[PDB]
Amino acid sequence: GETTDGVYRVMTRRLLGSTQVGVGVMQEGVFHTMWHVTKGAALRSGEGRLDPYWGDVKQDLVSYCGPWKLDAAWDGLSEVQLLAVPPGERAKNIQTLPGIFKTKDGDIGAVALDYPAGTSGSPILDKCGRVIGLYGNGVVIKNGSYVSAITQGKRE
Amino acid sequence: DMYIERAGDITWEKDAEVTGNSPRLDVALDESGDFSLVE
Ligand SMILES: NCc1cccc(NC(=O)c2cccn3cc(CN4CCCC4)nc23)c1
């Protein structure tokens, strides 16, 4: 169906009406989303079918039609933009300075923006428009708000 | 059956809404891909 690069909504008809379960990035013929959005299931793009190619539950990432293509990284200094695609709402660029998730295996950038769960898979981008990660896997802090990691895969 | 629909271009937009703070949190990542807070 549509293989043009960009941001896409991930919809399902299995629940009430047409529900947006997530978001993804089409780059170089490959669709990139978070694992929890599709659970590894096949996707439809008009009349064409997209089959999973790579996936990892711990990274919470999945790629379709080919290997993971997104390899830019947050520079640990500069502001970034979450290209938020909320359910039923227009794509909107939100500029922010990322915080940090400190883990036993190293530090990871994090964006403190609260959006509906169906916004999972929305890309986080740098000043060059390159996707440095996806939004949607993180934690709930003291006041109940969501803080998401900047989740990036590996380009082989 | 899940289906996709285009929502826009991936480009940096000048003069976009600037919001959100930058917290430094101690977190743990489990085998099921779930992040939890460590305090
Ligand atoms: N470990 C993978 C995994 C599995 C299942 C779900 C997720 N992600 C989320 O739930 C999520 C994503 C994006 C923004 N959010 C905002 C909130 C706040 N919640 C919404 C319902 C009540 C409060 N939750 C989210 C991640």
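The residues of chain A that appear here are 1514-1669 by Swiss-Prot count, in order.
For all residues, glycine too, the Cβ spot is worked out from N, Cα and C.
Positions annotated as active site, charge relay system by Swiss-Prot: A:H1549, A:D1573, A:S1633.
Sparsest Cβ environment among the active-site residues A:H1549, A:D1573, A:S1633 (other Cβ atoms counted within 10 Å): A:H1549. For the pair formed by A:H1549 (active site, charge relay system) and A:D1573 (active site, charge relay system), distance between Cα atoms is given as 6 Å, rounded to the nearest Å. Separation of the C-alpha atoms of A:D1573 (active site, charge relay system) and A:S1633 (active site, charge relay system): 11 Å, rounded to the nearest whole number. Annotation note: A:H1549 (active site, charge relay system) sits in a helical segment as assigned by DSSP.
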